[PDB]
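[1] From the sequence below, what's the structure:
(2 chains, ligands or ions: 1)
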Amino acid sequence: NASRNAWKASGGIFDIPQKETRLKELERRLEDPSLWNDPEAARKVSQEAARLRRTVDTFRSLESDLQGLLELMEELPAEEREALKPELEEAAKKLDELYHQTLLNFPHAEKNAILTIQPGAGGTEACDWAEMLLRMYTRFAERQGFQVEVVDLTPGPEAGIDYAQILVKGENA
RNA sequence: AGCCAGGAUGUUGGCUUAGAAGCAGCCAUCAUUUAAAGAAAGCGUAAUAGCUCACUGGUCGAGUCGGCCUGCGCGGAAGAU
Ligand SMILES: [Mg+2]
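    Numbers count the residues shown, from 1 in each chain, chains lettered A, B, ... in the order given. This is the structure:
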């Protein structure tokens, strides 16, 4: 578990050479008012600043909860340090949040989607496969607190489903 | 009606924004020092800044303002021997 945590934390370090240098560059050339006179430049700096800002708030957890863990977590987990081991649960959560953030933020990523499922060759077998696939996606939606709206469903003759087109809506679908 | 002066403070109201400081918007449209000063009507900017305006004090020293009813006119109004 500890090892896993460490591994997770290493990713966060992975974005230390990005944040510092970038920040420095931004303050050095972009922050300036005579650079600012061009809107595009300003916009660029703002984008650049965004990168910096992400790195600031979320790295603290990685550093602050790592360094404070070892002194109290070493020998005792059950007695007196039952808070102190599940104190690192908070850290884990933070890490997860960071990772998830990294994953998302990209174009159109919040707006819900409408996946069509199309079968392949095999004919009868294939339709069953399609159905199975559909089922899995439905269950995923169910799992993740989504609401699925069933639009197209088309049965195949010998068995299964030929064509389906399923639209789910909610939080970063 | 010109003319001379002010045209402030909390305050750059917060935000979301890239930034937003009356003036991109979205929204609240309040209170201060009071003669009076819009969380701002226009220009202006990255945006501030800056330049006007509202209202208000002075100067001057008689009429003035924009509706209503009706009279007669103007524009709108270009064609082929
Ligand atoms: Mg006529």
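[2] How far off centre is the helix of greatest length in chain A?
    Longest helix in chain A by number of residues (criterion: DSSP state H): helix A:39-73. The chain centre lies 16 Å from the centre of helix A:39-73; the measure is Cα atoms, centre = their mean, to the nearest Å.
[3] I'd assumed residue A:149 was in a helix, is it?
    No. Counting by DSSP: H, G, I helix; E, B strand; the rest coil, residue A:149 is located in no helix; its state is strand.
[4] what sits against it?
    Residues counted as contacts of residue A:149 (Cβ atoms under 8 Å, 6 or more residues apart in numbering) are A:166, A:167, A:168, A:169. Where C-beta positions appear, they are placed from N, C-alpha and C, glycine not excepted.
[5] What is the burial count for the third one?
    To tie it back to what came earlier, the one meant is residue A:168. 20 (other Cβ atoms under 10 Å).
[6] so is it in a helix, a strand, or just coil?
    Residue A:168 ends up strand, using three-state DSSP.
[7] That one and residue A:150 touch, don't they?
    No. Using Cβ atoms under 8 Å, residue A:168 is not in contact with residue A:150, being 9.8 Å away.
[8] Among the contacts of residue A:149, find me the one that's closest to RNA strand B.
    residue A:169 (21.1 Å; Cβ to the nearest atom of the strand).
[9] number of nearby residues for the closest one?
    14.
[10] Was I right to think it contacts residue A:141?
    No. Using Cβ under 8 Å as the test, residue A:169 is too far from residue A:141 to be in contact (9.5 Å).
[11] Give me the common contacts of the two.
    With Cβ under 8 Å, 6+ apart, residue A:169 and residue A:141 have common neighbours residue A:147.
[12] how close does residue A:143 sit to RNA strand B?
    Residue A:143 sits 30 Å away from RNA strand B, going by Cβ to the nearest atom of the strand, to the nearest Å.
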